[PDB]
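For reference, the structure is listed below as structure tokens.
Number of protein chains: 2
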Amino acid sequence: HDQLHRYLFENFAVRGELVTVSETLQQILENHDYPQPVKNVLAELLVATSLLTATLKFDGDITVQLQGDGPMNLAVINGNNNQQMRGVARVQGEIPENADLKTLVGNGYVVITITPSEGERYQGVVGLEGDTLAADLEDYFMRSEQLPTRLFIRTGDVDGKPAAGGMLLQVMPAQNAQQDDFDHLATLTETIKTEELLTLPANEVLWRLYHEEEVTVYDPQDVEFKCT
Amino acid sequence: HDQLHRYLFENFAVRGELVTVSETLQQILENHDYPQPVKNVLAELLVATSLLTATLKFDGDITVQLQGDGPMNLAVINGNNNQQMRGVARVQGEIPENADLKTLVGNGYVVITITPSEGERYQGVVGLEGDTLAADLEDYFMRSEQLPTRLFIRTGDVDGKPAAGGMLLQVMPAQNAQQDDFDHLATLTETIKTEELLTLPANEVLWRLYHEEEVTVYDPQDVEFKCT
């Protein structure tokens, strides 16, 4: 049985995800005489995608794909908030046995595209400077997410049949930051008169805005023009 | 004086940023007979970029640009961890007075590109389904960031000279989630034997891994193939 389990480290404020594919991976590979190397990355993408799927805070579908000039020019996996997966790979050449991710995909990128059920599509890209899909994905989050995140992907065979699983670790956003409060602050600052903001000293705008709240201000930083 | 002030709402775990440009904006506009409408979006991008700049957790430069088919096919602003800004705009046609963002930029996108000082470049894209740059940017974060985020951008003139300012609100990541602890958990799960993960029931992998920690597991979710 393919299932995704969500778990929380109560004392450390770190959410976790554990998942396994076999049933789903089987259905995605049957009737595609994919060589072994291709079947392996698809296993990894299926795990990666399924885990990323469970982090959505809204309803829509996410797809994680690899693109490159190597023999496997395309490998993609798509899932939705309901954990329904599907995908394909495109082999355009000679695929050597025991081929590593970096050779199957030549020079390319990982492309995360998040298209919601009502809204406009988002797409993130990062090159494949990695020996591991999980390493590349972690690189992606390091550049696009404040919350530290870790990924673990395992691939192998069980009963001659291919199987894969993985886990994800990610820091939680502060508890104290209840939407109710955040929305209040956000509604509070939107009352900032543009003339008010552009003429008064910073410390004044601050208290004129948040005199009711407990606020800590740190040292200012000079913003300047980068002239040649 | 152009400065970026960082502040924290102690009780609510919400970091804030307040910034103003005038000196820097002046230097970026002089010797470019940009019409007014173009000067306005550049003001917004300069505020937006400077704020985003201050969220970097590593050293490198970020650039926020608009691209489209309208009269202003390109508008970009680039900054680094040290808050050094620079940018340009490309006008390729008739730019109507009192032109709104949606007309200056025809049909295009917002393109955030984060290239660090050692590492590989990242790039995020989202279409301009917005009447406001801040609305589009917020849309971007909603799809790429777990931490709720809000942006406020104000543009106007002070002493006949152009000026702009803005503020950003963003939930903080849990305090409890000290890197030391997170790294421990991350090192803990990486000891998961692939055969262990792919053959044992979930609840067993969990305790066989985190029996020392206080963990809460929620209802599992079925992961399946999306057949037509």
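Chains as they are written, first to last, in full-length UniProt numbering: chain A, 4 to 231; chain B, 4 to 231.
Every residue gets a Cβ at the ideal spot worked out from N, C-alpha and C, and that includes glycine.
Same chain only: Cβ atoms within 6 Å of residue i, ignoring 5 sequence neighbours per side
i	result
B:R18	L11, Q173 and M175
Short Cβ contact (8 Å threshold) for residue i with residue j
i	j	result
B:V128	B:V41	no
B:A92	B:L77	yes
A:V24	A:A167	yes
B:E26	B:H4	yes
B:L188	A:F15	yes
A:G63	A:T118	yes
A:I65	A:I115	yes
B:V220	B:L209	yes
B:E193	A:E148	no
B:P151	A:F185	yes
B:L201	A:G163	no
B:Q178	A:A180	no
B:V218	A:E13	yes
Best match in the options for proximity to residue i [C-alpha to C-alpha]
i	options	result
A:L55	A:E97, A:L209 and A:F155	A:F155
B:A102	B:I117, B:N85, B:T116 and B:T135	B:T135
A:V44	A:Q149, A:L7 and A:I98	A:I98
A:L203	B:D64, B:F15, B:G111 and B:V161	B:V161
A:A57	A:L21, A:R157, A:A46 and A:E26	A:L21
A:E198	B:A205, B:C230 and B:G169	B:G169
A:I195	A:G63, A:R211, A:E227 and A:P151	A:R211
B:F61	B:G122, B:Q30, B:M88 and B:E100	B:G122
B:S120	B:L200, B:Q126, B:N84 and B:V218	B:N84
A:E216	A:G130, A:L191 and A:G163	A:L191
A:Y125	B:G163, B:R146 and B:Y125	B:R146
B:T231	A:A138, A:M88 and A:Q29	A:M88
Contacting residues, own chain, Cβ-Cβ under 7 Å from residue i (five flanking each side not counted)
i	result
A:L140	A51, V113 and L154
A:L107	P40, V41, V44, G73, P74, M75 and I98
A:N110	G71 and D72
Contacts around residue i, its chain only, beta-carbon distance under 8 Å, and the 5 residues preceding and following it disregarded
i	result
B:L48	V67, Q68, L69, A78, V79, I80, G90 and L136
B:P223	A205
A:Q86	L7, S53, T56 and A57
Every unbroken alpha helix (DSSP H) inside the stretch 120 to 180 of chain B [4 residues or more]: With a minimum length of 4 residues, the continuous alpha helix (DSSP H) runs that stay inside the stretch 120 to 180 of chain B are 136 to 147.
3 or more residues per run - each beta strand (DSSP E) lying fully within the stretch 63 to 110 of chain B: Qualifying beta strand (DSSP E) stretches, in chain order: 63 to 70, 77 to 83 and 87 to 93.
Proximal residues, the stretch 117 to 132 of chain A versus chain B, C-beta separation under 8 Å: So the close ones are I117, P119, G122, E123, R124, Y125, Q126, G127, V128, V129, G130 and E132.
Contact set between the stretch 70 to 88 of chain B and chain A, restricted to residues whose Cβ is under 7 Å from the partner: Taken in chain order, the members of the stretch 70 to 88 of chain B whose beta-carbon sits within less than 7 Å of a beta-carbon on chain A are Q86, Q87 and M88.
Near-chain A residues of the stretch 25 to 47 of chain B (beta-carbon distance less than 9 Å), N- to C-terminal order: Along the stretch 25 to 47 of chain B, going in chain order, the ones with a CB nearer than 9 Å to a CB of chain A are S25, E26, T27, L28, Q29, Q30 and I31.
Contact set between the stretch 8 to 19 of chain A and chain B, restricted to residues whose Cβ is under 7 Å from the partner: Listed in chain order, the positions of the stretch 8 to 19 of chain A with a beta carbon within less than 7 Å of a beta carbon of chain B are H8, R9, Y10, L11, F12, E13, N14, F15, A16 and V17.
Proximal residues, the stretch 167 to 183 of chain B versus chain A, C-beta separation under 9 Å: Residues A167, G168, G169, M170, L172, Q173, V174, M175, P176, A177, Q178, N179, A180, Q181 and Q182.
Interface positions of the stretch 211 to 227 of chain B facing chain A (Cβ-Cβ less than 7 Å), listed along the chain: Those residues of the stretch 211 to 227 of chain B that come within reach of chain A (Cβ to Cβ, closer than 7 Å) are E216, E217, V218, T219, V220, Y221, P223, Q224, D225, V226 and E227.
Near-chain A residues of the stretch 95 to 108 of chain B (beta-carbon distance less than 8 Å), N- to C-terminal order: Those would be none; no residue qualifies.
Runs of beta strand (DSSP E) wholly within the stretch 19 to 56 of chain A (minimum 3 residues, chain order): Segments of the beta strand (DSSP E) lying fully in the stretch 19 to 56 of chain A: there are none.
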